[PDB]
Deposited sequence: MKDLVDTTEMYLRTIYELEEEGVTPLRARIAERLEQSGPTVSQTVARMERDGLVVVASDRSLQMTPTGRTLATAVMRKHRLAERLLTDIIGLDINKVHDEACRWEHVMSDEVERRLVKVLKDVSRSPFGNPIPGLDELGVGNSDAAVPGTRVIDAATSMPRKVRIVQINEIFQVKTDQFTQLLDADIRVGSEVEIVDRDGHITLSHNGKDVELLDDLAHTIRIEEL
């Protein structure tokens, strides 16, 4: 389904921290602007995407769920193809781009059993959706949900910190008040600008807003 290829392309552009504009989508899929526009209209009617006022495509909860599953199948296919089949690594991504459309959930569950590790694709990116498969401003500690979000730093509050080893890590990552960074919760909290895994005191006292 062309729908799956559009949703996965949006997913991938978002992971790369690129705004999912229609022209970006068109260019990545090697499809015309007008063709992309016609497909985006069908996808809005289907409830999978909305076109935001800055013209970027924002996937709905349903659109995002489907996108996520397509990416999971793509990445599990890449692991099968490299770890077990041994297809030349230069061909693995293009093979998996086809296989992601035809792999059942049942095969994915089997792949999770058989593969050594399903943490990441061979190309370094996390395999999403495995839980779904079945097996002032605000303080960063609070504002962080569990999926990555771009936010703006308002206070770092160095003056209140007892532990200071991360001051330089923040500097080396160019995180200052004003920096736009992506924040994430884990099984410990993390900032992206480089990746800084915050100890609790900092996570409790650094503040983030959003425009």
Deposited positions without coordinates, collected into consecutive stretches in sequence order: 1-5, 141-147, 200, 207-208
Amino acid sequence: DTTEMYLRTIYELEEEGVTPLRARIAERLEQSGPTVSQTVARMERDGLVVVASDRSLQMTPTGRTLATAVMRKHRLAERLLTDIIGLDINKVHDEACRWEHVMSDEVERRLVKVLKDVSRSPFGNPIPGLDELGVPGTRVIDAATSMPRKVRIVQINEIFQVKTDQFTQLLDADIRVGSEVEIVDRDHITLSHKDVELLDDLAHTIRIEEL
From here on, numbers count along this sequence of modelled residues.
Mean C-alpha B-factor comparison - 61-69 and 34-42, higher one: 34-42
Mean temperature factor over C-alpha atoms, higher-scoring stretch between 114-122 and 90-98: 114-122
Which of 159, 29, 52, 143 ranks first by CA B-factor in the deposited coordinates: 143
Selection from 18, 23, 10, 198 [criterion: highest C-alpha temperature factor in the record]: 198
